[PDB]
Amino acid sequence: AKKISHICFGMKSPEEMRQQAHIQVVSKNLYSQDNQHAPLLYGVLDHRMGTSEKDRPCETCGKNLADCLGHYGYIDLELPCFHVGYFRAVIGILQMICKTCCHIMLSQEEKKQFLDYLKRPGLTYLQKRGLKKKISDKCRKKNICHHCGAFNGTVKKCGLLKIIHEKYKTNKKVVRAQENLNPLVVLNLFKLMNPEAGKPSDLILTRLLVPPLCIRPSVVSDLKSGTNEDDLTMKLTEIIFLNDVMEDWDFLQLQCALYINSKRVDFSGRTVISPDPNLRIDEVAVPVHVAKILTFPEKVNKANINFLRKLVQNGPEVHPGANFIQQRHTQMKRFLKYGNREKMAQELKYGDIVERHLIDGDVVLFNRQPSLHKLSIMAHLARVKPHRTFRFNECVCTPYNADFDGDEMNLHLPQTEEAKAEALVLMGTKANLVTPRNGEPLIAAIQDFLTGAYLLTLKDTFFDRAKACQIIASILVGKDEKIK
Amino acid sequence: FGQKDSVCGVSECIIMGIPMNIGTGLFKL
Amino acid sequence: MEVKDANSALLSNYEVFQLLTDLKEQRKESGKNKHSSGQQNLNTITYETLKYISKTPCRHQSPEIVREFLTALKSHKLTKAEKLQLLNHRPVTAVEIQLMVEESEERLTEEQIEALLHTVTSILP
Amino acid sequence: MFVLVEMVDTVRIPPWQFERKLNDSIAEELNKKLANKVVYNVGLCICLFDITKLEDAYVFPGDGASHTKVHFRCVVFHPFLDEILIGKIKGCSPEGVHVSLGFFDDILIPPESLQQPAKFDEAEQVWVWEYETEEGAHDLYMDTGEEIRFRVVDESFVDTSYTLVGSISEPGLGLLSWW
Amino acid sequence: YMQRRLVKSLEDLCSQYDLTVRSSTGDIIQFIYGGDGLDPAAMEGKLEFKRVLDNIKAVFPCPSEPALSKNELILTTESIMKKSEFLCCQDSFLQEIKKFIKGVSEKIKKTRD
Amino acid sequence: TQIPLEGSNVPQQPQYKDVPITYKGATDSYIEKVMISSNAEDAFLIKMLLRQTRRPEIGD
Amino acid sequence: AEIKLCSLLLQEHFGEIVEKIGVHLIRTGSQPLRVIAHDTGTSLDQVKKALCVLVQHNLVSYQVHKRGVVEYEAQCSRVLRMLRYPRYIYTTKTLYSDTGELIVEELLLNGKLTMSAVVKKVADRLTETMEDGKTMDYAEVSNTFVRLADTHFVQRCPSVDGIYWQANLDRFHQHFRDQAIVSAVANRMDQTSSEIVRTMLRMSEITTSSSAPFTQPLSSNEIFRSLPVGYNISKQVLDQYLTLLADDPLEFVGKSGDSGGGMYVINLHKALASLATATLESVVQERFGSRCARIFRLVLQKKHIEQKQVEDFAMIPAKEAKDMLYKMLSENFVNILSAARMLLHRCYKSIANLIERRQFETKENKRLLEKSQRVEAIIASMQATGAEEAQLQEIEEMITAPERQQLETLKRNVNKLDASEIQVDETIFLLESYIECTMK
Amino acid sequence: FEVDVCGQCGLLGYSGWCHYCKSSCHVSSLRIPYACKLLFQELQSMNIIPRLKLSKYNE
Amino acid sequence: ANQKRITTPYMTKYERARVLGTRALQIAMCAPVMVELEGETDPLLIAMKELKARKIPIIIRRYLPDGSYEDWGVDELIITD
């Protein structure tokens with residue numbers, strides 16, 4: 001129907017955040033401390049609250065480990081604390097609200113600026129606060145061209161401190177809790193203008209909410225030796241002593257700042273490269289012990305079942321075979337060291353899905369660095385020849401720099417047959433020989449083919465009907481050429 | 001400050017894992 | 001998941017009953033093994049609905065009685081609800097409609113409802 | 001008369017029958033996931049009678065299944081204007097007495113919605129009809145399965161419990177042992 | 001740096017069927033690929049007037065000879081040419097822009113002959 | 001497995017989650033020396049000469 | 001909280017779209033119809049209807065901005081005045097008769113209406129209230145209209161059978177302040193003090209706004225010229241008690257003479273601070289206890305910072321003394337401006353909770369109004385014709401005893417929550433008067 | 001993974017009956033790598049605009 | 001939907017290769033199987049069998065965001081050449 005079409009980051013939806021609440025602060029200790037054991041406790045680091053161990057009742061998801069999407073829960077602490085980011089904002093923009101009046105930003109005006117703001121794209125409303133960056137609280141209260149000047153308040157850059165005196169300005173400063181202002185008046189004055197998205201009020205650092213435990217792994221040693229986790233925002237549970245309760249707000253926000261604010265790989269392989277020219281230009285070949293690398297869909301089809309069962313009976317230690325085959329009932333069964341299997345009811349036991357080895361393309365991809373062209377990874381065939389090199393028709397070493405120091409090379413494995421057919425017949429025969437970046441062939445006699453063929457062409461060389469021998473590696477030759 | 005981010009092009013698509021939609025990936029029967 | 005219009009029908013009642021019988025006899029046709037494990041409870045609803053329908057006196061007869069109960073009531077300012085009730089019971093007797101059943105006497109002024117009473121006696125059990 | 005409902009849901013046509021017969025297969029697909037208990041309000045294991053149109057039958061970007069949607073009509077049993085039927089007493093309970101009509105299964109009936117003197121005798125879990133007519137204490141002892149000509153008002157879908165309530169105590173007739 | 005930055009900055013370019021490029025909001029970048037509509041994929045020998053002469057050199061339809069000074073016969077073939085790609089048109093603007101220069105090229109071929 | 005504080009009493013070594021030291025590659029080694037090299041603390045090493053005579057092949 | 005309270009009020013009084021647009025204009029300030037429809041996603045006709053409802057109820061005040069299309073903006077306090085419509089109309093019943101009650105009710109809900117419109121509407125409306133006839137005319141209504149206008153309560157709207165009128169909330173707040181101060185002097189002194197304070201306040205209404213910090217001195221010679229009819233206190237008694245209130249730590253009216261003839265001045269700011277402390281004491285007694293009120297009274301002449309004295313007033317060991325000081329600081333009960341504004345925030349949230357609770361008691365049982373109306377219609381049709389007791393017995397089996405008792409319980413809870421709303425609304429009026437008065 | 005998540009009373013939870021919010025109208029089942037979900041989580045602490053919506057693949 | 005005039009008498013190679021891919025999935029789920037059902041009879045080469053289609057009775061519809069639905073039957077136009 002519809003997958004993602006327009007998505008951005010995620011946050012705390014407070015409702016679904018807090019129905020999954022189990023415990024905020026059970027006691028002074030956690031991790032089943034006082035039990036002198038560790039059955040499963042205490043109700044927040046366990047069950048779930050975010051599925052960070054082998055199994056427990058996953059909340060709104062299930063089951064372990066993945067597909068238990070991060071579970072939420074109210075772990076509120078209610079430690080007095082405020083907006084550190086808006087601490088800095090208030091310090092910088094110097095009381096942008098014009099506290100404690102919060103009068104209308106503009107007056108009449110000139111509605112030209114009004115309609116210009118209302119009929120322009122976003123990322124622009126900062127100009128209103130820029131206009132009132134300085135004039136805020138130093139102006140005529142209830143006047144034209146703005147409504148600020150109330151009430152003589154400018155903020156001081158005393159670090160994270162926001163000291164708001166009834167400034168002249170520059171003539172009313174004090175040093176030790178006098179001439180201060182509380183962020184609660186800022187909160188009330190909320191209660192650049194857009195509360196649809198830009199709400200500083202709800203970001204108050206008093207109803208702090210936690211990301212789920214899917215961020216944090218805990219390496220329980222099965223030995224009770226080290227269970228470190230990172231970071232995380234729940235750690236302030238140990239401050240229950242101060243949880244009972246202007247410079248005090250600065251101290252609280254300083255304590256907060258400690259722990260509040262600041263297509264890779266699939267189905268791969270890498271070995272060394274030393275090729276053959278016996279591999280027809282489209283074909284390539286891999287090692288043999290890449291067939292020991294598996295767990296392929298190759299979903300069974302009706303015309304295929306018998307040809308699949310032929311290799312299904314082989315198992316773990318035969319090249320043309322099968323292993324770990326995905327069963328009909330979503331419970332895949334192995335033919336590896338626990339195999340002792342392959343009775344294989346001939347139409348149903350894997351009637352959905354099978355998984356074989358590299359028999360014939362079955363395309364594979366080859367990696368290079370740096371990938372100068374898009375023709376440094378191309379589509380080409382298989383089957384299969386041993387001696388774990390990266391062998392391929394040596395006329396196409398140019399767009400790979402398949403350098404021959406013996407420095408290794410990377411192989412892919414694509415296990416999805418949707419655009420695999422599309423890939424194999426679009427960038428397999430037209431990608432190689434013709435580039436749009438230059439218009440010049442990449443495939444070419446790299447070396448001695450050049451001089452060997454040259455020497456053939458040299459007006460000297462006269463041959464024998466007995467030298468129909470060398471003819472016959474070419475046009476009386478390997479697969480797909482034996483006409484006369 | 002509640003300001004949006006401009007990482008919403010198409011190079012994000014590979015980290016975000018969605019089908020491409022331009023020229024031919026915008027099928028509307 | 002999603003639906004748009006939740007009321008898009010005004011049809012013949014006993015016709016809907018026989019069509020539910022047809023739905024019952026058609027769902028059981030899906031007894032083949034390929035389509036057996038997937039969906040079967042439609043059989044269950046068809047059978048239970050047919051059982052409750054058999055409880056009703058609405059059986060043994062045709063949807064022509066529906067057009068009777070329409071043409072004899074909508075022509076005398078009766079609402080769709082009253083004839084709807086009278087269809088859902090399919091009155092066994094005539095005086096049923098008058099005293100054993102209600103809201104079916106005055107909109108015809110107890111004069112032409114007698115014709116529907118005679119029809120009910122003629123066809124309905 | 002039974003209400004047809006326009007419905008729009010995902011249709012997953014398997015590739016097994018991409019070229020085979022369509023219309024009846026489409027109907028089977030529609031009946032696939034419209035089951036009794038919980039799909040939507042109002043919907044419970046029901047079907048169609050006429051077509052309207054068949055919209056975009058996509059496959060996928062490149063994946064297996066299909067992306068067909070629904071334009072059809074769904075034969076629901078909406079709770080109508082108290083349509084007169086026969087209501088068999090489905091069960092018994094101290095809170096209320098269960099009834100069966102034909103729309104849903106569970107039909108709660110409060111005590112006073114029984115005959116006004118007839119109470120629930122929890123000493124025997126029987127809603128004995130204290131049929132206090134003709135001045136007589138005629139206790140019509142009828143357990144689960146009491147004959148009552150029910151007509152119901154409502155239907156429910158969301159709560160932890162398909163529960164109904166058919167309003168009884170007809171002023172024009174009374175005699176809830178029959179009506 | 002510059003390779004990854006060029007790749008990171010220049011993905012949205014597409015080639016929708018109106019012969020015109022479009023952008024994240026479908027804003028026109030081009031209308032043709034330089035009149036020709038061509039791109040360097042099929043850059044055959046010199047495009048495509050000298051190598052193809054050799055291509056048809058190598059498959060010899062023997063029956064013909066110089067009797068009528070075929071230059072005029074070459075002009076008649078230019079006429080059947082003028083007819084045979086005025087049925088040109090499709091996704092177009094790629095043949096008329098060069099059809100007359102084609103004609104001029106065969107005309108100079110006839111003059112040389 | 002015994003908690004250093006006054007924790008569980010029973011873990012007086014029935015609680016072994018054995019930690020094997022096993023790994024190798026896709027060819028036979030040959031254990032050639034075994035070492036109990038123990039500094040002044042009994043922190044037993046096991047030094048081992050896992051020799052693998054990989055004579056050359058296409059690619060070396 | 002504040003805007004949440006405004007939304008709850010607007011939903012209670014008028015409807016949904018009106019409340020939406022009022023909240024939106026409170027948040028965003030000045031905005032014309034088009035951007036309002038763009039941001040709120042509401043059709044233009046509904047936006048216009050809701051805005052004209054707001055203007056009719058004098059909620060949204062609009063000024064013609066520069067480029068000739070009308071913008072709109074709402075004031076949070078103006079919508080918080082939707083709290084006081086019950087209180088406005090009730091105090092109208094208090095000060096003047098039911099005719100003035102209907103005048104103010106129409107000007108606050110029926111909104112802008114002319115002299116002819118208001119006068120004739122209420123005149124034809126009040127005829128049915130009295131006995132059959134009595135031929136009550138428009139002339140007396142117009143006379144009461146003019147009289148109440150003279151008292152500044154209801155003023156003719158300026159122009160931006162006419163012409164429209166409205167109620168001046170400024171004089172309503174002035175009357176509230178006068179009544180509150182009279183009651184405060186009554187409940188902190190004897191009734192003589194409150195009556196004398198009333199004597200001072202009698203001629204200080206139209207020359208004084210709703211946020212003035214002090215009133216005019218009143219010479220005792222004219223107070224003897226204007227002796228109270230209910231208090232025939234002589235010159236000696238009046239002067240002695242006024243000068244005693246001058247040399248009174250209460251200071252509800254004070255000397256500023258020397259020379260005479262007695263410049264007795266009521267200190268509005270000091271009395272307002274005393275009333276704020278008394279309301280804080282009441283809330284402390286209710287939730288945090290009466291002994292916390294005792295420590296409040298103790299530390300009235302004490303800290304904040306530093307911490308080196310409060311244990312003396314604690315009288316109990318220093319551990320819990322320091323704990324009580326820490327909870328005094330944490331609760332932000334001293335920055336008087338910030339603490340008082342946060343207390344106003346507490347009362348905003350409290351009335352929001354009370355109105356939401358009343359919404360439950362009036363709406364969660366909404367599947368009862370139709371039943372009650374049908375039963376009442378049955379009773380009306382039964383009492384006149386067919387008064388048999390069988391129908392009464394059937395109704396009693398229909399109105400079961402649990403049903404009637406839960407109806408009484410929900411009505412009782414509605415009344416309790418309404419009274420709580422009204423008490424905390426008086427508290428919010430005091431707090432907002434402080435907020436508009438503490439501004440310096 | 002076609003996990004279920006949306007903006008209208010929905011988050012990273014079940015598909016058929018979301019114990020987070022089983023509104024039954026907000027089922028999405030969107031293909032997404034777990035990296036974006038980790039971004040959701042780690043940015044829950046560091047507040048930022050959480051835009052979430054869908055669109056039709058069809059006409 | 002006769003807005004089919006602005007395509008060369010050829011489908012593009014990208015569209016053709018991807019329709020071959022989706023026909024691969026088709027003939028790889030159970031069967032839409034075609035002119036020769038399994039005359040080409042081979043083991044697990046899923047793709048390389050429906051490449052030999054040369055008829056392809058299916059429709060594909062190509063667009064532009066500021067344009068309508070330029071539709072095309074596979075039959076009615078020329079092939080990869």
# chains A, B, ... in the order shown; residues from 1 in each chain; ligands from 1
call {"tool": "interface_residues", "arguments": {"of": "chain D", "to": "chain A", "cutoff": "10 Å", "atoms": "only C-alpha atoms", "output": "list in words"}}
result
residues 9, 10, 11, 12, 58, 60, 61, 62, 63, 64, 66, 67, 68 and 69 of chain D
call {"tool": "write_last_selection", "arguments": {"atoms": "N, CA and C atoms", "output": "tab-separated table (two decimals), in the first residue's frame"}}
result
chain	number	residue	atom	x	y	z
D	9	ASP	N	-9.53	-1.26	1.41
D	9	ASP	CA	-8.45	-1.90	2.13
D	9	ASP	C	-7.42	-2.43	1.14
D	10	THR	N	-6.24	-2.76	1.68
D	10	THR	CA	-5.20	-3.38	0.87
D	10	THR	C	-5.66	-4.74	0.39
D	11	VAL	N	-5.40	-5.04	-0.88
D	11	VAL	CA	-5.65	-6.36	-1.44
D	11	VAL	C	-4.31	-6.95	-1.86
D	12	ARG	N	-4.00	-8.12	-1.33
D	12	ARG	CA	-2.76	-8.83	-1.62
D	12	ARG	C	-3.11	-10.03	-2.50
D	58	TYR	N	-1.44	-2.69	-8.74
D	58	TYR	CA	0.01	-2.66	-8.79
D	58	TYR	C	0.58	-4.01	-8.39
D	60	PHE	N	4.38	-4.11	-7.13
D	60	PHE	CA	5.35	-3.58	-6.18
D	60	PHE	C	6.30	-2.71	-6.99
D	61	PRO	N	7.18	-1.94	-6.35
D	61	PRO	CA	8.36	-1.47	-7.08
D	61	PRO	C	8.98	-2.64	-7.83
D	62	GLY	N	9.42	-3.66	-7.11
D	62	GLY	CA	9.92	-4.86	-7.75
D	62	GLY	C	9.63	-6.15	-7.01
D	63	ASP	N	8.86	-6.07	-5.93
D	63	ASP	CA	8.64	-7.21	-5.04
D	63	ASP	C	7.49	-8.08	-5.55
D	64	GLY	N	7.15	-9.11	-4.77
D	64	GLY	CA	6.28	-10.18	-5.21
D	64	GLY	C	4.78	-9.92	-5.31
D	66	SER	N	0.84	-8.00	-4.77
D	66	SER	CA	0.14	-6.96	-5.51
D	66	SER	C	-0.30	-5.84	-4.58
D	67	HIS	N	-0.75	-4.73	-5.17
D	67	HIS	CA	-1.22	-3.56	-4.44
D	67	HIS	C	-2.62	-3.14	-4.88
D	68	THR	N	-3.54	-4.09	-4.99
D	68	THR	CA	-4.90	-3.74	-5.35
D	68	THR	C	-5.63	-3.17	-4.13
D	69	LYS	N	-6.54	-2.24	-4.39
D	69	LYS	CA	-7.41	-1.67	-3.37
D	69	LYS	C	-8.85	-2.10	-3.63
call {"tool": "residues_around", "arguments": {"residues": "stretch 204-219 of chain A", "least_positions_apart": "5", "cutoff": "7 Å", "atoms": "only C-alpha atoms", "output": "PyMOL selection string"}}
result
(chain A and resi 49-52+70-72+74-76+78-83+227-230+233-234) or (chain H and resi 38+41-42+44-45)
call {"tool": "interface_residues", "arguments": {"of": "chain I", "to": "chain E", "cutoff": "9 Å", "atoms": "only C-alpha atoms", "output": "list in words"}}
result
residues 5, 6, 7, 8, 9, 62, 63, 64, 65, 66 and 67 of chain I
call {"tool": "closest_atom_pairs", "arguments": {"of": "chain I", "to": "chain D", "cutoff": "7 Å", "atoms": "only C-alpha atoms", "output": "CSV"}}
result
residue,atom,partner,partner_atom,distance
I:22,CA,D:62,CA,5.9
I:25,CA,D:64,CA,6.3
I:26,CA,D:15,CA,6.5
I:29,CA,D:15,CA,6.2
I:30,CA,D:16,CA,5.3
I:31,CA,D:16,CA,6.2
I:32,CA,D:19,CA,6.2
call {"tool": "residues_around", "arguments": {"residues": "residue H:47", "least_positions_apart": "4", "cutoff": "10 Å", "atoms": "only C-alpha atoms", "output": "MDAnalysis selection string"}}
result
(chainID A and resid 9:12 203) or (chainID B and resid 1:2) or (chainID H and resid 42:43)
call {"tool": "atom_distance", "arguments": {"atom1": "atom CA of residue A:100", "atom2": "atom CA of residue A:133"}}
result
15.9 Å
call {"tool": "select_by_dssp", "arguments": {"residues": "chain I", "states": "alpha helix (DSSP H)", "output": "PyMOL selection string"}}
result
chain I and resi 13-29+47-50
call {"tool": "write_last_selection", "arguments": {"atoms": "C-alpha atoms", "output": "tab-separated table (two decimals), in the first residue's frame"}}
result
chain	number	residue	atom	x	y	z
I	13	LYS	CA	16.96	0.02	-21.59
I	14	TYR	CA	16.34	0.71	-17.89
I	15	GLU	CA	12.59	0.12	-18.16
I	16	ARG	CA	13.07	-2.97	-20.32
I	17	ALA	CA	15.60	-4.50	-17.93
I	18	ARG	CA	13.36	-3.84	-14.94
I	19	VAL	CA	10.28	-5.28	-16.63
I	20	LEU	CA	12.37	-8.36	-17.32
I	21	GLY	CA	13.13	-8.37	-13.59
I	22	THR	CA	9.48	-8.17	-12.58
I	23	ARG	CA	8.60	-10.89	-15.09
I	24	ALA	CA	11.35	-12.85	-13.35
I	25	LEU	CA	9.53	-12.47	-10.04
I	26	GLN	CA	6.25	-13.34	-11.75
I	27	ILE	CA	7.54	-16.61	-13.22
I	28	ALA	CA	9.47	-17.12	-9.98
I	29	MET	CA	6.54	-17.11	-7.54
I	47	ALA	CA	16.30	-15.00	-14.65
I	48	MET	CA	17.72	-16.56	-17.81
I	49	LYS	CA	14.46	-18.21	-18.94
I	50	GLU	CA	11.97	-15.33	-19.23
call {"tool": "interface_residues", "arguments": {"of": "chain D", "to": "chain G", "cutoff": "12 Å", "atoms": "only C-alpha atoms", "output": "list in words"}}
result
residues 110, 111, 112, 113, 114, 115, 116, 117, 168, 169, 170, 171 and 174 of chain D
call {"tool": "write_last_selection", "arguments": {"atoms": "N, CA and C atoms", "output": "PDB file, in the first residue's frame"}}
result
ATOM      1  N   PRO D 110     -29.919  -5.845  31.187  1.00  0.00           N
ATOM      2  CA  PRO D 110     -29.971  -5.518  32.621  1.00  0.00           C
ATOM      3  C   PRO D 110     -31.174  -6.149  33.294  1.00  0.00           C
ATOM      4  N   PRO D 111     -31.176  -6.224  34.638  1.00  0.00           N
ATOM      5  CA  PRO D 111     -32.287  -6.882  35.348  1.00  0.00           C
ATOM      6  C   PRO D 111     -33.651  -6.266  35.092  1.00  0.00           C
ATOM      7  N   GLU D 112     -33.777  -4.949  35.254  1.00  0.00           N
ATOM      8  CA  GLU D 112     -35.082  -4.317  35.109  1.00  0.00           C
ATOM      9  C   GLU D 112     -35.606  -4.374  33.678  1.00  0.00           C
ATOM     10  N   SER D 113     -34.730  -4.570  32.693  1.00  0.00           N
ATOM     11  CA  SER D 113     -35.179  -4.800  31.326  1.00  0.00           C
ATOM     12  C   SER D 113     -35.860  -6.154  31.152  1.00  0.00           C
ATOM     13  N   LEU D 114     -35.782  -7.034  32.155  1.00  0.00           N
ATOM     14  CA  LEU D 114     -36.621  -8.224  32.237  1.00  0.00           C
ATOM     15  C   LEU D 114     -38.007  -7.747  32.673  1.00  0.00           C
ATOM     16  N   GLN D 115     -38.938  -8.664  32.926  1.00  0.00           N
ATOM     17  CA  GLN D 115     -40.186  -8.248  33.549  1.00  0.00           C
ATOM     18  C   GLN D 115     -39.884  -7.534  34.859  1.00  0.00           C
ATOM     19  N   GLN D 116     -40.563  -6.407  35.071  1.00  0.00           N
ATOM     20  CA  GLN D 116     -40.233  -5.511  36.178  1.00  0.00           C
ATOM     21  C   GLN D 116     -40.188  -6.212  37.531  1.00  0.00           C
ATOM     22  N   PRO D 117     -41.148  -7.070  37.902  1.00  0.00           N
ATOM     23  CA  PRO D 117     -40.962  -7.865  39.125  1.00  0.00           C
ATOM     24  C   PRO D 117     -40.036  -9.055  38.945  1.00  0.00           C
ATOM     25  N   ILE D 168     -36.473  -3.890  26.028  1.00  0.00           N
ATOM     26  CA  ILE D 168     -37.675  -4.686  26.236  1.00  0.00           C
ATOM     27  C   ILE D 168     -38.593  -3.855  27.128  1.00  0.00           C
ATOM     28  N   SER D 169     -39.670  -4.466  27.631  1.00  0.00           N
ATOM     29  CA  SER D 169     -40.753  -3.767  28.324  1.00  0.00           C
ATOM     30  C   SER D 169     -41.507  -2.846  27.365  1.00  0.00           C
ATOM     31  N   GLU D 170     -42.095  -3.464  26.349  1.00  0.00           N
ATOM     32  CA  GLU D 170     -42.926  -2.740  25.399  1.00  0.00           C
ATOM     33  C   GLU D 170     -44.165  -2.219  26.113  1.00  0.00           C
ATOM     34  N   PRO D 171     -44.403  -0.906  26.149  1.00  0.00           N
ATOM     35  CA  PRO D 171     -45.613  -0.412  26.825  1.00  0.00           C
ATOM     36  C   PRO D 171     -46.902  -0.871  26.170  1.00  0.00           C
ATOM     37  N   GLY D 174     -46.446  -5.218  26.729  1.00  0.00           N
ATOM     38  CA  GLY D 174     -46.005  -5.798  27.977  1.00  0.00           C
ATOM     39  C   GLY D 174     -45.708  -7.278  27.797  1.00  0.00           C
TER      40      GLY D 174
END
call {"tool": "interface_residues", "arguments": {"of": "chain E", "to": "chain B", "cutoff": "9 Å", "atoms": "only C-alpha atoms", "output": "number ranges by chain"}}
result
E: 7-9, 11-12, 14-17, 24
call {"tool": "select_by_dssp", "arguments": {"residues": "chain H", "states": "strand (DSSP E)", "output": "list in words"}}
result
residues 2, 3, 30, 31, 52 and 53 of chain H
call {"tool": "decode", "arguments": {"residues": "stretch 10-55 of chain H", "atoms": "C-alpha atoms", "output": "tab-separated table (two decimals), in the first residue's frame"}}
result
chain	number	residue	atom	x	y	z
H	10	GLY	CA	1.57	5.71	16.60
H	11	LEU	CA	5.17	4.76	17.32
H	12	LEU	CA	7.66	1.89	17.03
H	13	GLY	CA	5.35	-0.97	17.95
H	14	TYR	CA	2.87	-3.63	16.84
H	15	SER	CA	1.03	-3.66	13.51
H	16	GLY	CA	-2.37	-5.26	14.07
H	17	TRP	CA	-2.98	-3.99	17.62
H	18	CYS	CA	-0.40	-1.44	18.78
H	19	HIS	CA	-0.18	-1.55	22.57
H	20	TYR	CA	1.38	1.90	22.11
H	21	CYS	CA	-1.77	3.15	20.33
H	22	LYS	CA	-4.06	0.57	18.70
H	23	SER	CA	-6.26	3.15	16.98
H	24	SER	CA	-6.64	0.61	14.10
H	25	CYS	CA	-6.46	3.47	11.56
H	26	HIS	CA	-2.71	4.14	11.98
H	27	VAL	CA	-1.11	0.95	10.65
H	28	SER	CA	1.87	1.66	8.40
H	29	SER	CA	4.31	-1.29	8.15
H	30	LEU	CA	7.13	0.75	6.61
H	31	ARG	CA	10.44	-0.63	5.35
H	32	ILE	CA	13.21	0.95	7.44
H	33	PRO	CA	16.71	-0.01	8.62
H	34	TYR	CA	17.27	-0.04	12.37
H	35	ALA	CA	19.74	2.87	12.00
H	36	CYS	CA	16.94	5.39	11.54
H	37	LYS	CA	15.18	3.93	14.58
H	38	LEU	CA	18.38	4.37	16.61
H	39	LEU	CA	18.45	7.96	15.35
H	40	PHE	CA	14.88	8.36	16.62
H	41	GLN	CA	15.92	7.07	20.04
H	42	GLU	CA	19.20	8.96	20.46
H	43	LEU	CA	17.50	12.17	19.28
H	44	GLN	CA	14.63	11.73	21.73
H	45	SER	CA	17.09	13.00	24.35
H	46	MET	CA	18.23	15.87	22.08
H	47	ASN	CA	14.94	17.41	20.99
H	48	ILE	CA	14.32	17.98	17.27
H	49	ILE	CA	11.26	18.25	14.97
H	50	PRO	CA	9.85	14.69	14.54
H	51	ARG	CA	8.12	14.86	11.16
H	52	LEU	CA	6.25	11.64	10.34
H	53	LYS	CA	3.74	11.05	7.54
H	54	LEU	CA	2.86	8.83	4.56
H	55	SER	CA	1.62	9.09	0.98
